[PDB]
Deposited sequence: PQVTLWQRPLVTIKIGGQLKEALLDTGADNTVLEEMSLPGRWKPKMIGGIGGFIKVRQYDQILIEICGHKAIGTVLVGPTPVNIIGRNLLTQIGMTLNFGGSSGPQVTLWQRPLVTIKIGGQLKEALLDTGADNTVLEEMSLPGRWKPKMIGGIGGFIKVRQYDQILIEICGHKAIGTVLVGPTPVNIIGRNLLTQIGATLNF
């Protein structure tokens, strides 16, 4: 199927004999599930996101069915607020991002122009908002806090900002603060007609 991004791209997964919902997340390198019961050996691991880091258990060679499509790969289990299917599994179900077409064997990076400046950013189906590293933008803004996998961060909220995403123009809300990576979230992805296809 093809999936637009006006709503979170949720799918049904089956893993460890159990059914769950998860988010198709082009911005995630790994697949991370809420605490659950899986069989077998695992290894401790630390992973980062917005907000900081979390400890998870790493299971390798796990069979997972994603909306009926089977994949075997690494699944991390720990204190995430949302089940996320990252690029490690997305590639196995032939997921593509279209807006050109983009495969997910590498991070889906694009060039953006905003506030007169060129930057690189990550096309992120798993992000509700667009969050940029600290930068100089003109105009008024409002304080705000947003959450990610490791907790929360304080950002400045700029509304009605013009941004060019790989040559495509959009106007919307941009958040600016201590993110390690520039991320383009669904609020802007819809405006450039981005779809997921698998």
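Where C-alpha coordinates are absent, the deposited sequence of this PDB chain has only the segment 100-104.
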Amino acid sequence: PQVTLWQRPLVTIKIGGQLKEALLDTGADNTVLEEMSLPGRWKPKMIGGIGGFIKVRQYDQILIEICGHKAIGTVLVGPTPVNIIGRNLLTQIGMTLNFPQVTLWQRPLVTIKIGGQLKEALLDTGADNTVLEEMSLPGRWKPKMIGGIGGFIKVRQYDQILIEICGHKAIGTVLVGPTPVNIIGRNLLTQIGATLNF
From here on, numbers count along this sequence of modelled residues.
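If you average the C-alpha B-factors over 21-29 and over 185-193, the higher value belongs to 185-193. Higher mean CA temperature factor, per the PDB entry, when comparing 146-154 with 132-140: 132-140. Looking only at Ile50, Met36, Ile163, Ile66, the residue with the top Cα B factor in the deposited structure is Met36. Residue set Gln117, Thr125, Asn83, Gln101: peak C-alpha B-factor at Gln101 (per PDB entry). Annotation for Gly94: C-alpha temperature factor in the middle third relative to the rest of the modelled chain, per the entry. Per the PDB record, residue ranking by Cα B-factor puts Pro108 in the lowest third of the chain. Ranked against the other modelled residues of its chain, the C-alpha B-factor of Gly16 as given in the entry falls in the middle third.
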